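What follows is a short report on a single structure.
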Amino acid sequence: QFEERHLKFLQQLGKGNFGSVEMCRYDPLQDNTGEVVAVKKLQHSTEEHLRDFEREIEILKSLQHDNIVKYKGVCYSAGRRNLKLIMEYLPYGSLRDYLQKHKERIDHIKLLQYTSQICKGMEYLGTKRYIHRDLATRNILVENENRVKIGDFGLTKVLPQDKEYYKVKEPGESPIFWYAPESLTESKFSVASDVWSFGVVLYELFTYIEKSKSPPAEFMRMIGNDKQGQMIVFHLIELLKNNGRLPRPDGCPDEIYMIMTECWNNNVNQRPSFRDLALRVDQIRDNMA
Ligand SMILES: Cc1cnc(Nc2ccc(OCCN3CCCC3)cc2)nc1Nc1cccc(S(=O)(=O)NC(C)(C)C)c1
């Protein structure tokens, strides 16, 4: 529905490996009444990346949830590539940056509100047999002080009809300090591996994104900063097989650290569901209030 003639560039919000996101104003009447949107595009539009980009557009079109960023449409230039995905724009940016800028005004009860919203959005993803694979405070976006949203679906894959996991080894470097053990060793991605990663999201939240308490900082202080390249991954695998874990964040109540550890269970069938986590986090929140 969108025409690239009338999309007008304001600034770049983010740029990763295969894609980038720009703030733009859709102003079809050329009079500065149009609305400001977010536009995602590929920056190396190979054909494999393009077909995966279109499955992502189709996945995001199939989702409507208060905690999922809103799809708006697509746009094409002359031809049926240079394809662009149009989404709503959220003014407060990533939850990672929002939280370390207001760390002295956001208490634990507010952290738990975000947490339960993330859970409800993740639970909605699971009902449609989507695996996010990429959850982190980096990709959680902020609509306003009371609402967060899951903000990017570049790696979201749909489960096969028969099986409850997905095997993918990607070319390039992966965020291996959020990945469940069975994802490091066998590249299996399930809703239980997303629960592992939600545990480290919750860890991040309670570290208030303090620089020396990032999961990579803490993990690679546990295995030694001397480790080399591929050996890095191997050493982390061994540390997770011996029940080495991230430490409890400073000030974190023991109840919330028990939720974190229960998601970091080595036994994949023994991790809690997102609906159970939402109920645990809603009761901790209701007792604090
Ligand atoms: C879909 C969408 C809607 N609204 C926003 N709002 C937003 C608003 C301000 C942001 O500030 C970024 C920090 N500075 C960068 C320059 C301006 C400010 C960042 C994001 N972002 C959105 N997506 C987005 C924006 C930046 C990064 C990401 S991502 O890290 O999760 N994924 C990739 C873009 C790398 C694929 C996703």
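Both backbone and side-chain heavy atoms feed into the values below; hydrogens, waters and symmetry mates do not. First listed ligand is number 1; within each ligand, the first listed atom is number 1. FYI, the numbering just counts along the sequence from 1.
Shown here is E173, whose CD atom has no more than 12 heavy atoms of other residues, nucleotides or ligands within 6.0 Å. For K167, the NZ atom counts as loosely surrounded, since its 6.0 Å shell holds 12 or fewer non-hydrogen atoms of other residues, nucleotides or ligands. Within a 6.0 Å radius of CD in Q12, other residues, nucleotides and ligands contribute more than 12 heavy atoms.
Neither side chain, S77 nor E4, offers a donor N or O lying under 3.5 Å from an acceptor on the other. A donor-acceptor pair shorter than 3.5 Å cannot be found between the side chains of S94 and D97. A donor-acceptor contact closer than 3.5 angstrom is absent between the side chains of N67 and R147. Judged by distance alone, the side chains of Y166 and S187 never bring a donor and an acceptor atom under 3.5 Å apart.
Among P91, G151, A136, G93, the residue whose heavy atom lies nearest to atom 20 (C) of ligand 1 is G93.
A cation-pi contact, defined as under 6.0 Å to the ring centre and within 45° of the axis, links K188 to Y165.
Closest to atom 1 (C) of ligand 1 among all protein heavy atoms lies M87 SD, 3.7 Å. In this structure, atom 17 (C) of ligand 1 lies nearest to the protein heavy atom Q11 NE2, 3.0 Å. Residue, atom and distance of the protein heavy atom nearest to atom 35 (C) of ligand 1 are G16 N, 3.8 Å. Considering only non-hydrogen protein atoms, atom 33 (C) of ligand 1 sits nearest to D152 OD1, 4.3 Å. The single protein non-hydrogen atom nearest to atom 24 (C) of ligand 1 is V21 CG1, 3.9 Å, given as residue, atom name and distance.
For ligand 1, the atoms sitting less than 4.0 Å from at least one non-hydrogen atom of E88 are 3 (C), 4 (N), numbered in the order shown with element in parentheses. Within the listing of ligand 1, atoms 31 (O) sit less than 4.0 angstrom from a heavy atom of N139. For ligand 1, the atoms sitting less than 4.0 Å from at least one non-hydrogen atom of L141 are 2 (C), 3 (C), 4 (N), 5 (C), 21 (N), 22 (C), 23 (N), numbered in the order shown with element in parentheses. Taking every non-hydrogen atom of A38 and a distance limit under 4.0 Å, the qualifying atoms of ligand 1 come out as 1 (C), 2 (C), 3 (C). For ligand 1, the atoms sitting less than 4.0 Å from at least one non-hydrogen atom of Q12 are 16 (C), numbered in the order shown with element in parentheses.
In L13, the parts holding a heavy atom less than 4.0 Å from any atom of ligand 1 are both the side chain and the backbone.
Considering backbone and side-chain N/O atoms, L90 comes within less than 3.5 Å of an N/O atom of ligand 1.
Remark: atom 13 (C) of ligand 1 lies closer than 4.0 Å to no protein heavy atom. At a distance under 4.0 Å, no protein heavy atom can be found next to atom 28 (C) of ligand 1.
The ring pair (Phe, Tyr, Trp, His ring centres under 6.0 Å) analysis of residues 53-72, with sequence neighbours excluded, yields the pairs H65-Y124.
Using a 4.0 angstrom heavy-atom cutoff, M23 does not count as in contact with ligand 1.
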Q: For the pair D194 and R271, evaluate salt bridge (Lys or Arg N to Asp or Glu O under 4.0 Å) and give the outcome as yes or no after the intermediate values.
A: CA-CA 10 Å; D194 275 355; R271 298 172 197 157; over 6 Å; no
